[PDB]
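# Observations on the three-dimensional arrangement
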Amino acid sequence: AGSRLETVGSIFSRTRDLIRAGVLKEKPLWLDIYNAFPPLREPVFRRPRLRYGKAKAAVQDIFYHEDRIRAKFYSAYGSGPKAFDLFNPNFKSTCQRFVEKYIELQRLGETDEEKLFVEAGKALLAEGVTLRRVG
Amino acid sequence: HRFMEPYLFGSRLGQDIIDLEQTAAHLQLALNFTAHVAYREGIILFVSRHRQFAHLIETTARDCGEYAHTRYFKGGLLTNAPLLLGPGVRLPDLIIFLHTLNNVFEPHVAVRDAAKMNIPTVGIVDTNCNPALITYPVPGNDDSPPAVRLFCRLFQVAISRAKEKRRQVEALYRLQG
Amino acid sequence: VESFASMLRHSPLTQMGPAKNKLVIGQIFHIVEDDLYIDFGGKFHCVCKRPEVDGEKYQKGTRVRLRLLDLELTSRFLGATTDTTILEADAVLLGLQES
Amino acid sequence: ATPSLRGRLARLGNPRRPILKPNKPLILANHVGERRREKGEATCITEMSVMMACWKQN
Amino acid sequence: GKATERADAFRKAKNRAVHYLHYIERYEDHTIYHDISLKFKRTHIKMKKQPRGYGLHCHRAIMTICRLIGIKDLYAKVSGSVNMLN
Amino acid sequence: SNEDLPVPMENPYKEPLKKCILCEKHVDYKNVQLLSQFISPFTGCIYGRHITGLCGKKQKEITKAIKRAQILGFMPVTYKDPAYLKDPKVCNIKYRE
RNA sequence: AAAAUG
RNA sequence: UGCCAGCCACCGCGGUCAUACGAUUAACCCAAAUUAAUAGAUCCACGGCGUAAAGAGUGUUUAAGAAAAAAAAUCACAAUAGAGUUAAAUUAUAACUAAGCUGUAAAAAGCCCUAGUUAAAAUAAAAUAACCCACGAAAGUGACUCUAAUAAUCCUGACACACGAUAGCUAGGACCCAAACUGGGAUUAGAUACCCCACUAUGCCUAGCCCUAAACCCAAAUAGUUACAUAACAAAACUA
Ligand SMILES: [Mg+2]
Ligand SMILES: [Mg+2]
Ligand SMILES: [Mg+2]
Ligand SMILES: [Mg+2]
Ligand SMILES: [Mg+2]
Ligand SMILES: [Mg+2]
Ligand SMILES: [Mg+2]
Ligand SMILES: [Mg+2]
Ligand SMILES: [Mg+2]
Ligand SMILES: [Mg+2]
Ligand SMILES: [Mg+2]
Ligand SMILES: [Mg+2]
Ligand SMILES: [Mg+2]
Ligand SMILES: [Mg+2]
Ligand SMILES: [Mg+2]
Ligand SMILES: [Mg+2]
Ligand SMILES: [Mg+2]
Ligand SMILES: [Mg+2]
Ligand SMILES: [Mg+2]
Ligand SMILES: [Mg+2]
Ligand SMILES: [Mg+2]
Ligand SMILES: [Mg+2]
Ligand SMILES: [Mg+2]
Ligand SMILES: [Mg+2]
Ligand SMILES: [Mg+2]
Ligand SMILES: [Mg+2]
Ligand SMILES: [Mg+2]
Ligand SMILES: [Mg+2]
Ligand SMILES: [Zn+2]
């Protein structure tokens, strides 16, 4: 009839070897599509063993240089007056405007953090957004 | 999950982000495999245990002309077919998982039974899913309404195009002689 | 062709940073007799209480202002290999699209 | 706040003497215990006393 | 197969054994590809690749299993527990 | 070649750690007014961590200071001094309901 | 509180 | 025949119920050999030590062994040994009040030189803090103060050296309280037990012994890994 063993291996191997041995005399329709377009990983069963000791996951945290400016903005003024709109793909926030000012102030040859911070804070007033510093 | 490490881009302040490069690379093969089974007159069944969008799954399956299972999965459904469904039935040739986990946060019954019965399984696997048994896993999001609607529309059009092009291929077959 | 690193760097969620005490716009997509299902749009849908003021003005599709507390409420317990996912988010109601 | 659990139980990696010795494994169960029914007690012994005071005096 | 009656148990075992079928890679259809030293629950099995002239000098149950499989030339030694299921 | 890849650097959003009320303070055995806030007014017991809310060092230091002052002749053991009874409430224990 | 054996 | 006669290498068989006892037929294997007994050859561990036998109560060291790639040493809190001090309770002892106090499921016995309150040395022990997890090699240590002080520029290692809870022995001192033993009172058919009361050895200090524990966290020491991989349970499986 077939092979109902999961831990032995993948379904493709268990169909192909059955047909090679001659037990399954009828080709399943999906075998040809598997042969034509195989997936990236063979669907073999792998048991989720727990990770003990000093071993740790290999995923690396997502952090950019703009996060350093965003942390200062949120520490000084907190959340911006313009509420965040996650539906808009091209939405730019007050913190985004602040970091866009910060990068150009860096390109202007300014190395001091106070100069990069207060000048951007005052420059935002030119466009006319309200900054609410948290005391 | 421990087996989602290669399918992730990183972690954004505790929340893990799935990279979409391998998501699209997997989804191309997933849609191609789904469309080929429909082209070759195969039974395709949408298994999904999630009590938020189940109505949307039956609507999508009915519009596709394929079958759906979004309710409580019985024990010997896929294994004890000659008893649960009828005397002699035809097993589904392809299983689409929109939610690999049930309401208990355990792996679904059908992902194990399809591997037991040598039934191809294509599935949207979240960061807490187990892709070891799914033949065609696609790392994505199954809890967002826009994501699940996108996946349902993609799998709807993949079946629709496959069936229609089968009809024009048969039409040309009739004119061949 | 735009790369995922490039669009994720400019994604609004990346610009938001931490989700603690952040003002967001959400849209209500489901209504219960007293509970409102508001989709702020990040990953999950938060559930809020209908206020006493202008309670009749909350309908399906209404846009409201939220002060986000957590993107996803998960925590660890005794003898648990993974977290216990609540499939929801934490947020409070402030207003309804004041404009 | 929940009491700490690090270095309490006896394990291979624990170098020190075990602190807590669980009767049963500290695994959080899926069902809480059924609420206890309170034990009853006699009522108005105080008023029975003043009732019997009339009888002992009169 | 387990049943109240022996004939019913035989029938159940026969009908349930087909559903779980393995494929054994046999080098030149007479012997295994390479020597295998396997540690099960409590049963140690050491099996060595054997020539064409060395026919099934194995345990009395491994000989039957390999006769059903198609292996004609093999040597096996079992140590530890000798439980049939394991 | 991508310039938008994440860079492996320290967390900028790392909030400062919570401090006990007496971090970087000087605990003394002669300051009966300070020592009295951590003892019960009716019985005189020394409150625990779940009541006071102090990080690990200052709890042991305040316990040692109370025990030293109770025997050196500065603070009563059985009760809290009524002179210091009107101090601001730092403990998180509520008796009268 | 009490209370053995087959 | 019927637990009788009797048979067997192990399991075991003997029911007016025997393919296992005695006889007949039949059958199987050897063969001028066939059985029985005794000797032999072979057969234990290059395997394990939490629950089956096994990690020795602890540390150091001699002999001896491995140094195979590179790093380290040392900080809140109750180690230990001396010296000094006592916050609560308890008691010897006085004063006022009462005839009862203690005792258990209930009683009895005991004490009425008894009980409550106000004052009170000596001895013993060290509430909360402690939902803390530190010190010491282990045993062990958490009332306060002072002194001395917690080896190794840090591998393993005894039958050698030094410690080693409580219990027990000797000499001197102490004795509030607790209590083996003992004597009374309960329950029981019996109770030389569990229940109540009194008291002794003992628990306390100095000096000298004894060297035992479920000395268990039943998991040996040193540097490691999360690769293969769940006998069962339990604290996951493993390397040199
Ligand atoms: Mg999900
Ligand atoms: Mg130690
Ligand atoms: Mg137990
Ligand atoms: Mg239980
Ligand atoms: Mg055997
Ligand atoms: Mg008798
Ligand atoms: Mg005979
Ligand atoms: Mg015989
Ligand atoms: Mg005979
Ligand atoms: Mg052995
Ligand atoms: Mg043993
Ligand atoms: Mg030991
Ligand atoms: Mg011993
Ligand atoms: Mg001394
Ligand atoms: Mg005296
Ligand atoms: Mg009497
Ligand atoms: Mg004390
Ligand atoms: Mg040292
Ligand atoms: Mg040594
Ligand atoms: Mg001793
Ligand atoms: Mg002694
Ligand atoms: Mg005495
Ligand atoms: Mg006594
Ligand atoms: Mg007696
Ligand atoms: Mg001990
Ligand atoms: Mg032992
Ligand atoms: Mg050793
Ligand atoms: Mg089992
Ligand atoms: Zn502090």
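Please refer to the structure higher up on the page.
What counts as what
Residues numbered from 1 in each chain as written, not as in the entry; some residues may be left out. Chains lettered and ligands numbered in written order. Part of a larger assembly, values for the part shown. Heavy atoms only, no water. Contact = heavy atoms within 4.5 Å. Salt bridge = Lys/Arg side-chain N within 4 Å of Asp/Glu carboxyl O. Nonpolar A, V, L, I, M, F, W, Y, C, P; charged D, E, K, R; others polar. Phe/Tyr/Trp six-rings, centres within 6.5 Å; stacked < 30°, edge-to-face > 60°. Buried < 20%, exposed > 50% of the residue type's maximum accessible area, 1.4 Å probe, protein only. Helix = DSSP H or I, 4+ residues; strand = E, 2+ residues; numbered from the N terminus. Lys NZ or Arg CZ within 6 Å of the ring centre and 35° of its normal. Polar contact = N/O pair within 3.5 Å; in protein donor to acceptor, adjacent residues only side chain to side chain. Patch = residues over 30% accessible without salt bridge, like charges linked within 9 Å, V, L, I, M, F, W, Y side chains within 5 Å. Areas by Shrake-Rupley, 256 points an atom, 1.4 Å probe, with all protein chains shown as cover. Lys, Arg positive; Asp, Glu negative; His and termini not counted. Charge placed at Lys NZ, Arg CZ, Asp CG, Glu CD. Core = buried A, V, L, I, M, F, W, Y, C linked by side-chain atoms within 4.5 Å. Pairing = 2+ DSSP bridges. Right-handed = clockwise from strand over helix to strand, strands pointing away. Axes fitted to C-alpha atoms, helices over the stretch in contact; angles between N-to-C directions. Near = heavy atom within 4 Å. Parallel < 35°, antiparallel > 145°, perpendicular 65-115°, else oblique. Left-handed = near helix turned anticlockwise from the far one by under 90°.

## Observations concerning the interface of chain B and chain C
Contacts between the two partners involve 15 residues from chain B, matched on the other side by 13 residues from chain C. Taken together, the connections running from chain B to chain C amount to zero salt bridges. Across the side of chain B that touches chain C, the residue classes break down as six nonpolar, four polar and five charged.

## As for the packing of aromatic side chains
Considering all chains together, one arrives at 15 aromatic pairs over all chains under this definition. Aromatic side chains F73 of chain A and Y74 of chain A sit 6.0 Å apart centroid to centroid with 55° between the ring planes, which places their arrangement in the tilted category. One exposure class covers both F73 of chain A and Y74 of chain A, and it is buried. Centre to centre, the rings of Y29 of chain F and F74 of chain F are 5.9 Å apart; their planes meet at 80°, and the pair counts as edge-to-face. Within this pair, whereas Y29 of chain F is found in the segment before α1 (32-36), its partner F74 of chain F is found in the segment after α3 (56-72), the two being separated by 45 residues in sequence. We classify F74 of chain F as partly exposed; its relative accessible area is 42%. Through a chain of ring-to-ring contacts, the aromatic side chains of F73, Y74, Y77, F98 and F117 of chain A assemble into a single cluster. Looking at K22 of chain C, its charged tip hangs above the ring of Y74 of chain A, at a distance of 3.4 Å from the centre. Across from the ring centre of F87 of chain A, 5.6 Å away, lies the NZ or CZ of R63 of chain C, which sits over that ring.

## Remarks on the interface of chain B and chain A
At the junction of the two partners, chain B supplies 35 residues and chain A supplies 33 residues. One can count four salt bridges joining chain B with chain A. Linking chain B to chain A there are 12 residue pairs in polar contact. Where the side of chain B that touches chain A is concerned, the elements lending two or more residues are β1 (10-12), α1 (20-39) and α4 (109-116) of chain B. Here the side of chain B that touches chain A gets six residues from one element, more than from any other, and that element is α1 of chain B. Tallied by class, the residues present in the side of chain B that touches chain A amount to 17 nonpolar, 10 polar and eight charged.

## Details of a positive patch on the surface
All names here are of chain F. Taken together, the side chains of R49, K60, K64 and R68 define a basic patch exposed on the protein surface. Per-element tally for the positive patch: the top contributor is α3, with three residues. Relative to the elements of secondary structure, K60 occurs in helix α3.

## Comments concerning the nonpolar core
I44, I96 and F155 of chain B are the most contacted members of the largest nonpolar core, which has 59 residues in total. If one sorts the elements of this core by residue count, helix α5 (residues 145-175) of chain B sits on top with eight residues. Residues contacting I96 of chain B, with those up to four places away along its chain left out, are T34, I44, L45, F46, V47, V122 and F155 of chain B. Listed in part, the 35 residues of the second largest apolar core include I69 and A71 of chain A together with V64 and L66 of chain C.

## Considerations on the pairing of strand β5 (residues 94-99) of chain B
All names here are of chain B. Taking burial as the measure, the six residues of β5 include six buried ones, the bulk of the element. With five bridges joining them, strand β3 (residues 44-48) and β5 adopt parallel strand pairing. The residue of β5 that forms the bridge with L45 is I95. On the question of chirality, the crossover connecting β5 to the parallel strand β6 (residues 121-125) by way of α4 is right-handed.

## Description of the side chain of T23 of chain B
Residues and elements named next belong to chain B. Tracing the sequence through the fold places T23 in helix α1. Judged by its relative accessible area of 6%, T23 is buried. Dropping the residues within four chain positions of it, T23 is found in contact with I18 and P139.

## Quick notes on the side chain of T100 of chain B
All names here are of chain B. One can find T100 in the loop between β5 and α4. Among the residues examined, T100 registers a relative accessible area of 6% and is labelled buried. The contact partners of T100, leaving out residues within four places of it in the chain, are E106, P107, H108, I124, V125, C129 and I134.

## Details of the sheet that holds strand β4 (residues 43-48) of chain E
Residue and element names in this part refer to chain E. Spatial strand order, β3-β4-β5: three strands in an open sheet with antiparallel pairing. Edge positions in the sheet fall to β3 (36-39) and β5 (75-80), since each of these pairs with one other strand and no more. Here the strands of the sheet are splayed against their neighbours by 10° on average, with no regard to which way each runs. With six bridges connecting them, β4 and β5 associate as antiparallel partners. Directly across from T43, in β5, lies its bridge partner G80.

## So, the sheet that holds strand β5 (residues 90-95) of chain C
All names here are of chain C. On the basis of which strands lie adjacent, the open sheet formed by five strands has the order β3-β2-β1-β4-β5 and antiparallel pairing. Bordering the open sheet on either side are β3 (46-49) and β5, each of which pairs with just one other strand. Averaged over all adjacent pairs, the angle separating strand axes in this sheet is 50°, with direction ignored. For strand β4 (residues 63-70) and β5, the ladder comprises five bridges, and the chain directions are antiparallel. Bridging across to β5, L66 finds its partner in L93.

## A look at the protein's contact with RNA strand H
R49 of chain A, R2 of chain B, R8 of chain D together with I46 and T63 of chain F are the nearest of the 38 residues found near RNA strand H. Backbone atoms, meaning sugar and phosphate, make up 53% of the atoms of RNA strand H lying within 4 Å of the protein. With respect to RNA strand H, the side chain of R49 of chain A contributes an N or O atom lying 2.4 Å from a phosphate oxygen. In this structure, a base nitrogen belonging to RNA strand H sits 3.3 Å away from a main-chain N or O atom of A10 of chain D. Where the surface near RNA strand H is concerned, the elements lending two or more residues are α2 (49-52) and α3 of chain F.

## So, a nonpolar patch on the surface
A contiguous nonpolar surface patch, about 600 Å² in accessible area, is contributed by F77 and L78 of chain C together with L5, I19, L20, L26 and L28 of chain D. Classification of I19 of chain D by relative accessible area gives partly exposed; the value is 43%.

## Observations regarding the packing of helix α3 (residues 66-76) of chain A against helix α4 (residues 94-107) of chain A
Residues and elements named next belong to chain A. For the pair α3 and α4, interaxial distance at closest approach is 10 Å and the crossing angle is 120°. Considered as vectors, α3 and α4 are oriented oblique to each other. Like other packed secondary-structure pairs, α3 and α4 cross with a definite hand, here right-handed. Only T94, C95, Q96, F98, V99 and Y102 of α4 make contact with α3, whose side of the interface consists of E66, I69, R70, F73 and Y74.

Note that every value here comes from positions in space, so none of it alone points to a role or purpose.
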